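Take a look at the structure below.
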Amino acid sequence: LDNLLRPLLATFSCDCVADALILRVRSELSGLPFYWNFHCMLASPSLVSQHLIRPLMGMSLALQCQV
Amino acid sequence: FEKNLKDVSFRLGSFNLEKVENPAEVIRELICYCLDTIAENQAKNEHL
């Protein structure tokens with residue numbers, strides 16, 4: 001999965017069941033295909049907090065200091 | 001039977017088998033064939 005993703009970061013399909021986002025990979029390994037599915041529930045607002053907002057605030061103010 | 005990548009085996013297919021009651025007969029057949037095969041290439045190489 002890592003070897004596949006790091007270049008891109010094979011084909012992918014995504015779908016959102018009511019709340020959760022479901023991510024599907026169509027690829028191949030050892031010549032043979034590999035299928036996996038990601039099952040990502042809506043992330044938590046502590047997670048949202050820490051991963052997006054507070055860092056993104058941080059972005060905003062740090063670039064203000066830059067300016 | 002399988003395939004070895006990523007330091008791991010990865011199986012390709014799998015067959016139901018059965019032991020033959022006459023091993024020696026299939027053996028004669030196979031190897032007569034093989035004898036013929038070799039001999040052919042021998043003659044060809046000669047001409048060449």
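Every read-out reported here was derived from the displayed coordinates using simple, explicitly stated rules and does not represent laboratory data. Virtual Cβ from ideal backbone geometry, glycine too; neighbours counted across all protein chains shown.
Before moving on, here are some points about what is shown:
- Note on chain A: dipole from Cβ charges, positive end direction compared against A:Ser27, A:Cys40, A:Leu63; the farthest Cα belongs to A:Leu63.
- Cα centroid separation, chain B to the range A:3-26 (Å): 43
- Cα-centred dipole magnitude for chain B, charges only on beta-carbon of K, R (+1) and D, E (-1), debye, nearest 20: 320
- Placing unit charges on the Cβ atoms only, positive for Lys and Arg and negative for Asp and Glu, gives chain A a dipole magnitude near 120 debye about its Cα centre.
- Chain B - mean residue ellipticity at 222 nm from DSSP helices (-39,500 (n - 2.57) per run, n ≥ 4, rounded to 500): -18500 deg cm²/dmol
- Alpha-carbon spread of the protein assembly as shown, three principal axes, descending order, Å: 87, 42, 23
- Overall, the anisotropy analysis places the range A:5-65 in the oblate class: the square-rooted eigenvalues a ≥ b ≥ c of its C-alpha gyration tensor yield a/c not less than 1.5, with a/b not exceeding b/c.
- Computed per residue of chain A from DSSP H runs no shorter than four, each worth -39500 (n - 2.57), the mean residue ellipticity at 222 nm is -9500 deg cm²/dmol.
- Crossing angle, helix B:23-47 versus chain B [Cα axis fit, 0-90 degrees, rounded to tens]: 50
- Student exercise, the protein assembly as shown dipole from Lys, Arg, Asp, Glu Cβ charges, in Debye to nearest 20: 800
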